[PDB]
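Peer 1: First the structure, which I've put down as structure tokens, then a few questions once you've had a look.
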Amino acid sequence: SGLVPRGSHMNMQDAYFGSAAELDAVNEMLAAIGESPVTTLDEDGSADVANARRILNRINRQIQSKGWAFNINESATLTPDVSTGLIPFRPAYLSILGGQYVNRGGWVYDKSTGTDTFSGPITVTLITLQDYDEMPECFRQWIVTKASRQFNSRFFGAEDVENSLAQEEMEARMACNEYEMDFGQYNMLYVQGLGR
Amino acid sequence: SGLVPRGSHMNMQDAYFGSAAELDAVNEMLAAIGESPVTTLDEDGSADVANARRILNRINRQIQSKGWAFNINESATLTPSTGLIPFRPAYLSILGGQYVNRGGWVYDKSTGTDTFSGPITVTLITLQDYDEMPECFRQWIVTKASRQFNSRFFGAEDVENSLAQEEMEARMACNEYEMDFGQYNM
Amino acid sequence: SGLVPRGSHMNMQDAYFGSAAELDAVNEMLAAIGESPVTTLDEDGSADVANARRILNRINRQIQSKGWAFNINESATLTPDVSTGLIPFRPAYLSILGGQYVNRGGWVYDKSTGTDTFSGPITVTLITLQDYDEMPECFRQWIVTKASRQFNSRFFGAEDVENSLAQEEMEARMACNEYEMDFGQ
Amino acid sequence: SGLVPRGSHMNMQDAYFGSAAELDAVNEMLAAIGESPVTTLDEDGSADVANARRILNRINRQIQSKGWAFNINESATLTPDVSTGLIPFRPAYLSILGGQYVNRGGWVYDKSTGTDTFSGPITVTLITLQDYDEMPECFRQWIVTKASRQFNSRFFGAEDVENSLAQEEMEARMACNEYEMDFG
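Here's what the structure looks like:
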């Protein structure tokens, strides 16, 4: 097939990665706001840690769901269960491009006939959520800055932090749009056709 | 998702926090009308200290009781034993028009009870201290109280004009905040 | 006490008022993005008019459904069909507070006994939808400005319109929030 | 809702709008490259005009066919001809979402059932091509700039034009990507 993301995350079950990379990002958000870093997230005393984690996760998902070159599995072949005919829509999946295949209850559902059972494999273009050490630097900068900005604004309101972050976010956001101009916006309009 | 307030204050029993952050805000009110700061709020004498503290508390409650992103818990769970659930001093409001406070206890008015089969998940507004809210809100609250304290007891004109400008600026910033974060509904 | 909303709209059968007030509010959204006003909302079949009207309706219902001093009736008594014993939950009703009565059909369904059907006898806190000339000016301005901003953003994307409308919405919200704090608690 | 595109274009006969908005966009491509504007798009004569118009149409179709909040009708109802059962797949139609219905030879074709004839109306999610004055400003700027760059690159090769157009495209794309994330 085609190019894949750095992380496949096939066994992700929770909303969060629970990783060193996620901790580092949350610790950056805390720092921005004047709070000292923690050694684990998991574990679950403070409101500020929990809130930063949540804000970060939502922004991460919102930006990644658009779909970009680094988080796209260009030609993913999905094979149904032999007995049930089912294909799980796994928790790390953000979207199947095209408007035909959607998540219904944790299962890939085909709108062309109205079914979640398949007699053979399907090949689709899939967006898979990546962790912060699995994306280009410009994306980690845009997501973690945007999250820091929101965390500041919602709970703290330090204006020097806001002015500073607004500028860093603008710059990362321009860099991510320059990326997309180089790599292209995937459109479903196999790998060869994916021409756009 | 769900985000919580920075302060939970479950063991708050009085009307006041009694914190350093409270003292700093009262001291700003006193400075605004030319009185000197105090090192504690534990009843000192001083009618001006007491009055500032009370005006500040009332304005704080009034503003915070509207419900804002920073003091709303969208999924707070309250477990009742005796069936009963206390409505604590830090609770301002449970949104939605079903549960309310009956002399210190949560009253479920879908059934007219205040005893509960299990536990409940509600949307709850909880009073935050001055170091637990965004700067714009502290500014609005503290400036509004300062102005009220001036007008009620002193009436200095240059204070009034100055505070009025600051209150208006804070109030715009708080309305911008809510446009960014949204008003909760249901 | 008991004060009532200015509009009860019992005969309202579809989603829209169809009123002169609605027409004015739509013409205002049209003026904001540079289009000409219309003389009626009974189109054919201008897309812009249909879209403005839907967006405006949705925002109106959304903001009003919170419940405010101007659109709550703390003791609305509703009376059944008798025969069927059935109480409609009408287009103009946004919600019944308290947690017991809810919209099944709509009807009206007592979620604490059965039961779609009633002997008489029912008194209730009702939030009812007001028309654009039946609310305080600040709420009309909020609803219309917010609707105008969604209409712009989705279909037009004019940056100066957005900036200007955003400061108008903020002004309206500042007045509605004073209203909410003044009448509430 | 319930919301519909600004333009339905049910009577478009060919690939092009023929409109003042189309003319103005082609004139902008001509200006980017140092050529004078024209008063109309079919005379013809002009190779540059014909090529700019084709490039612009192709880019316009390609970007729009993704489907956006401004050009999706979530419940378009299409009604078959009574005698024939057929439903034309019109030139302004870009796609029908879901994987069931496609354009086969100019007719709406249900590829799941394996039929292009229908006993009554169908209601579908239709993406319909908008004119340059019927889309949000950031999309017109994206499409016209992109088209300008392809026209330059293929026939002119002016490097200063490419550098300046590439900045303006990036700026437009940034606004269109905020739109996509805001309306997604």
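The listed protein sequences correspond, in order, to chains A, D, C and B.
Numbered by the authors' numbering, the letters in the first sequence go through residues -8 to 180, 185 to 189, 191 to 192 in order.
Numbered by the authors' numbering, the letters in the second sequence go through residues -8 to 71, 74 to 179 in order.
Be aware that the third sequence starts at -8, since it is given in the authors' numbering, and climbs by one per residue.
Be aware that the fourth sequence starts at -8, since it is given in the authors' numbering, and climbs by one per residue.
Where is the CB? At the ideal position from N, CA and C, for every residue including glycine.
#1: With 8 Å as the C-beta to C-beta threshold (strictly closer), list the residues of the stretch 125 to 145 of chain C near chain D in chain order.
#2: Listed from N- to C-terminal order along the chain, which residues in the stretch 60 to 82 of chain B have their beta-carbon within a distance smaller than 8 Å of any beta-carbon of chain C?
#3: Straight-line CA distance for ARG81(D) to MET20(C)?
#4: Determine the chain B residues that contact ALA43(C) at a beta-carbon separation under 8 Å, and present them in chain order.
#5: State yes or no: is the beta carbon of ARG95(B) nearer than 9 Å to at least one beta carbon in chain A?
#6: Would a check of beta-carbon distances place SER103(D) closer than 9 Å to chain C?
#7: I want to see whether chain B comes within less than 9 Å of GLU150(A), judged by CB atoms only; does it?
#8: Assess contact between the stretch 159 to 170 of chain D and the stretch -4 to 6 of chain C, defined as three or more Cβ pairs (one per stretch) separated by less than 8 Å. Is contact present?
#9: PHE147(B): which of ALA22(B), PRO79(B) and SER10(B) sits nearest, CA to CA?
#10: So that I know if they touch, is there some Cβ in chain B lying closer than 9 Å to that of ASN178(A)?
#11: Anything in the stretch 149 to 174 of chain A with a Cβ closer than 8 Å to a Cβ of chain B? List those residues in chain order, please.
#12: Excluding the 5 residues preceding and the 5 following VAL93(C) in the sequence, name in chain order all residues of the same chain whose CB lies nearer than 6 Å to its CB.
#13: Could you spell out the range, first to last residue, of the alpha helix (DSSP H) harbouring residue 193(A)?
#14: How long is the line joining the alpha carbons of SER10(C) and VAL29(C), rounded to whole angstroms?
#15: Assuming the contact rule is C-beta atoms closer than 8 Å, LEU77(C) and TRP98(C) should be a hit. Round their C-beta distance to whole Å, please.
#16: Verify whether the separation of the beta carbon atoms of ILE46(D) and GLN121(D) is less than 9 Å.
#17: So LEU88(B) contacts chain A; which residues on that side make the cut at Cβ distance below 9 Å?
#18: Is the beta carbon of residue 190(A) less than 9 Å from the beta carbon of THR106(A)?
#19: Tell me which same chain residues have a C-beta within less than 7 Å of the C-beta of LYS137(D), skipping the five on either side of it?
#20: Exposed or buried, which one is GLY58(A) when buried takes at least 16 other CB atoms within 10 Å?
#21: Consult DSSP for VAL99(C) and reduce its assignment to one of helix, strand or coil.
#22: Does any residue of chain C bring its CB to less than 9 Å from the CB of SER(-8)(B)?
#23: Need the endpoints of the beta strand (DSSP E) that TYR84(A) sits in, please.
#24: Determine, using beta carbons only, whether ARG49(A) comes closer than 9 Å to chain B.
#25: Only counting the same chain, and skipping five residues up and downstream in sequence, which positions put a Cβ closer than 6 Å to that of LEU14(D)?
#26: Where does residue 72(D) sit, in a helix, a strand or coil, going by DSSP?
#27: Under 8 Å by Cβ, that's how I've got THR116(D) and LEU88(D) pegged, so tell me the actual separation to the nearest angstrom.
#28: Strictly below 9 Å CB to CB, what residues from chain B border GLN53(A)?
#29: Identify each residue in the stretch 11 to 31 of chain C for which the Cβ-Cβ distance to at least one residue of chain D is less than 8 Å, and report them in chain order.
#30: For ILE78(C), does the three-state DSSP call read helix, strand or coil?
#31: What first and last residue would you give for the alpha helix (DSSP H) that runs through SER66(D)?
#32: Could you tell me the alpha carbon to alpha carbon distance between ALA12(B) and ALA43(B), rounded to whole angstroms?
#33: For the stretch 119 to 145 of chain B, list the beta strand (DSSP E) runs that are entirely contained and at least 3 residues long, ordered along the chain.
#34: Smallest Cα separation from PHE130(D): which of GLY90(D), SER56(D) and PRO79(D)?
#35: Give the interface partners of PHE147(C) over in chain B, defined as CB-CB distance under 8 Å, in chain order.
Peer 2: Taking the coordinates as given:
#1: none
#2: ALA60 and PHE61
#3: 46 Å
#4: Going along chain B, no residue has its Cβ under 8 Å from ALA43(C), so there is no contact; the nearest lies around 10 Å.
#5: no
#6: yes
#7: no
#8: no
#9: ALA22(B)
#10: yes
#11: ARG164, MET165, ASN168, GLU169, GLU171 and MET172
#12: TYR100 and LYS102
#13: There is simply no residue 193(A) to check, as chain A begins at -8 and stops at 192 in what is shown.
#14: 13 Å
#15: 5 Å
#16: no
#17: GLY89, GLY90, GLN91 and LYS102
#18: Within chain A, the sequence of modelled residues goes 189 then 191, so residue 190(A) has no position in this structure.
#19: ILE50 and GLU160
#20: buried
#21: strand
#22: yes
#23: 84 to 87
#24: no
#25: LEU32
#26: Residues lacking coordinates in chain D include everything strictly between 71 and 74, among them residue 72(D).
#27: 4 Å
#28: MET172 and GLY175
#29: none
#30: coil
#31: Taken as a continuous stretch (DSSP letters only), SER66(D) belongs to no alpha helix (DSSP H), being part of the beta strand (DSSP E) at 63 to 69.
#32: 14 Å
#33: none
#34: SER56(D)
#35: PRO127 and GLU128
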